[PDB]
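What follows is one structure encoded as structure tokens, with my remarks underneath.
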Amino acid sequence: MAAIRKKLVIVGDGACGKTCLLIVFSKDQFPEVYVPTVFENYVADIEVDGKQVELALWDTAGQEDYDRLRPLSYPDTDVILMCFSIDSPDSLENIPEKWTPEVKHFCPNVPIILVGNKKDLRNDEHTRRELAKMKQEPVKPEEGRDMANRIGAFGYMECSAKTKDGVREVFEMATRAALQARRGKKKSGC
Amino acid sequence: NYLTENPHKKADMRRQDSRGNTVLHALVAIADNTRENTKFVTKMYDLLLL
Amino acid sequence: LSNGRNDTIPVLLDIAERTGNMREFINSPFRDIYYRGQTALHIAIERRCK
Ligand SMILES: Nc1nc2c(ncn2[C@@H]2O[C@H](COP(=O)(O)OP(=O)(O)O)[C@@H](O)[C@H]2O)c(=O)[nH]1
Ligand SMILES: [Mg+2]
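Residue numbers (the authors' numbering), protein chains in the order written: chain A, 1 to 190; chain B, 302 to 351; chain C, 202 to 251.
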């Protein structure tokens with residue numbers, strides 16, 4: 001009828017595929033040569049259940065001087081995809097440590113989807129050997145499920161930008177979570 | 302007239318802002334009781350409705 | 202705006218598309234809490250230049 005505008009924001013460690021995830025969502029064509037540090041000023045059309053939603057996709061990077069301007073993207077945020085890398089175990093443990101408190105501080109009572117990207121690389125021989133060099137292993141799905149339960153995640157999926165696996169369903173569930181308008185107020189003052 | 306009807310992209314009149322106010326709530330919000338204001342507020346309201 | 206017409210808007214837009222990122226340029230919002238969300242389109246409409 002009249003498309004509804006919902007704000008989606010991505011926060012995660014660098015090199016975990018956030019920008020590539022949004023890009024594959026946008027044009028459905030993997031950029032093999034050039035990837036911008038951020039994907040900006042885009043709105044995409046999605047229909048999930050009889051409702052037509054324009055999703056405005058913001059992107060946050062922290063490489064150089066973007067961290068100072070990151071807080072400014074959090075206001076009026078409707079839904080968040082907290083993202084991390086499956087082929088990089090270091091990404092997971094920082095999510096409870098540093099990413100979560102900033103998200104809670106600037107924008108509370110917001111839905112959050114914890115996602116792990118690039119399922120293909122966990123079975124890759126090169127990444128497996130590199131992790132085994134430090135007596136490590138790729139992030140197990142069980143650990144991701146436990147984390148999703150642990151930090152209040154609305155849902156937990158996995159993406160693959162190269163193979164375009166699960167992006168459509170991931171963003172569908174993201175906008176489905178966004179369309180919910182929370183539950184009133186809790187301990188609201190007299 | 303141009304924004305609603307142009308080949309590139311059309312802004313439909315039924316869209317609501319963050320507050321939920323449609324173009325008509327917005328036109329009521331600026332509405333005042335001076336003649337200089339009502340004279341065009343009512344005209345634009347009828348135009349958009351039709 | 203000088204007498205309703207600035208000779209650099211077309212050149213800026215031409216350079217922007219030629220440089221590859223027209224989309225990100227035409228609609229870039231303000232970030233200060235005081236003007237959040239305001240677009241170049243808002244300025245064009247407010248200045249009353251069709
Ligand atoms: N082989 C492969 N590489 C990927 C995939 N997704 C992301 N990458 C790589 O991850 C790198 C950086 O990811 P990026 O989009 O910049 O994540 P960001 O740093 O959070 O913005 C890119 O150079 C890609 O080559 C994938 O599905 N397969
Ligand atoms: Mg990037």
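C-beta atoms are modelled at their ideal positions from N, C-alpha and C, and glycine is treated no differently.
Proximity winner among the options, relative to residue i (alpha-carbon distances)
i, options, result
"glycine 14 (chain A)", "A:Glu97, A:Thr37, A:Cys107 and A:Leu8", "A:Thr37"
"residue 257 (chain A)", "A:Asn117, A:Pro101 and A:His105", "No information on residue 257 (chain A) is available, as it lies outside the stretch 1 to 190 that chain A covers here."
"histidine 326 (chain B)", "B:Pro308, B:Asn334, B:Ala312 and B:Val342", "B:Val342"
"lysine 164 (chain A)", "A:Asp90, A:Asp28 and A:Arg70", "A:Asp28"
"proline 108 (chain A)", "A:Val79, A:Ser85 and A:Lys135", "A:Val79"
"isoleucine 4 (chain A)", "B:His309, B:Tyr303, B:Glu306 and B:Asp313", "B:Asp313"
"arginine 183 (chain A)", "A:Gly50, A:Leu121 and A:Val110", "A:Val110"
"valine 35 (chain A)", "A:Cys16, A:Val53 and A:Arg168", "A:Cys16"
"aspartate 90 (chain A)", "A:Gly50, A:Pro138, A:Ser26 and A:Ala174", "A:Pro138"
"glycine 50 (chain A)", "A:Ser188, A:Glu172, A:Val115 and A:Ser26", "A:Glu172"
"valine 329 (chain B)", "B:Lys311, B:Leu349 and B:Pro308", "B:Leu349"
"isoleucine 112 (chain A)", "A:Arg70, A:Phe25 and A:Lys7", "A:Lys7"
Residue i classed as buried or exposed, judged by whether at least 16 other C-beta atoms fall within 10 angstroms
i, result
"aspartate 347 (chain B)", "exposed"
"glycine 12 (chain A)", "buried"
"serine 319 (chain B)", "exposed"
"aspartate 215 (chain C)", "exposed"
"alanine 148 (chain A)", "buried"
"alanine 245 (chain C)", "exposed"
"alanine 161 (chain A)", "buried"
"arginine 249 (chain C)", "exposed"
Element boundaries [beta strand (DSSP E), containing residue i]
i, result
"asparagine 149 (chain A)", "Looking at the DSSP string, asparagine 149 (chain A) is not in any beta strand (DSSP E); the run it does join, the alpha helix (DSSP H), is 141 to 150."
Alpha helix (DSSP H) segment containing residue i, residue limits
i, result
"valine 324 (chain B)", "324 to 331"
"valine 24 (chain A)", "18 to 27"
"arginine 219 (chain C)", "210 to 219"
"residue 253 (chain C)", "Because chain C spans 202 through 251 in this model, residue 253 (chain C) falls outside it and cannot be assessed."
"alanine 174 (chain A)", "167 to 179"
"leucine 69 (chain A)", "66 to 69"
"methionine 223 (chain C)", "223 to 227"
Quiz item: When you check each C-beta in the segment 222 to 236 of chain C against every C-beta of chain A, which residues fall closer than 7 Å?
Solution: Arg224, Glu225, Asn228, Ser229 and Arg232
Quiz prompt | Cβ pair count under 8 Å reaching 3, the segment 137 to 145 of chain A against the segment 37 to 47 of chain A | solution = Not touching, per the Cβ criterion.
Quiz item: For the 8 Å Cβ check, are there 3 or more pairs between the segment 94 to 101 of chain A and the segment 126 to 140 of chain A?
Solution: Touching, no, given that fewer than three Cβ pairs across the two stretches are closer than 8 Å.
Quiz item: What residues from the segment 33 to 49 of chain A come within 7 Å of chain C, judged by C-beta to C-beta, listed N to C?
Solution: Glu40 and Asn41
Practice problem: Note down, in chain order, all residues in the segment 307 to 322 of chain B with a beta-carbon under 8 Å from any beta-carbon belonging to chain A. | Solution: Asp313, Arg315, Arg316, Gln317 and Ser319
Quiz item: Any chance the segment 59 to 68 of chain A sits against the segment 149 to 167 of chain A, with 3 or more Cβ pairs inside 8 Å?
Solution: no
Exercise. Could you say if the segment 70 to 84 of chain A and the segment 171 to 185 of chain A meet the contact criterion of at least three C-beta pairs nearer than 8 Å?
Key: yes
Practice problem: Select from the segment 132 to 154 of chain A all residues with a C-beta closer than 9 Å to any C-beta belonging to chain B, and list them in chain order. | Solution: none
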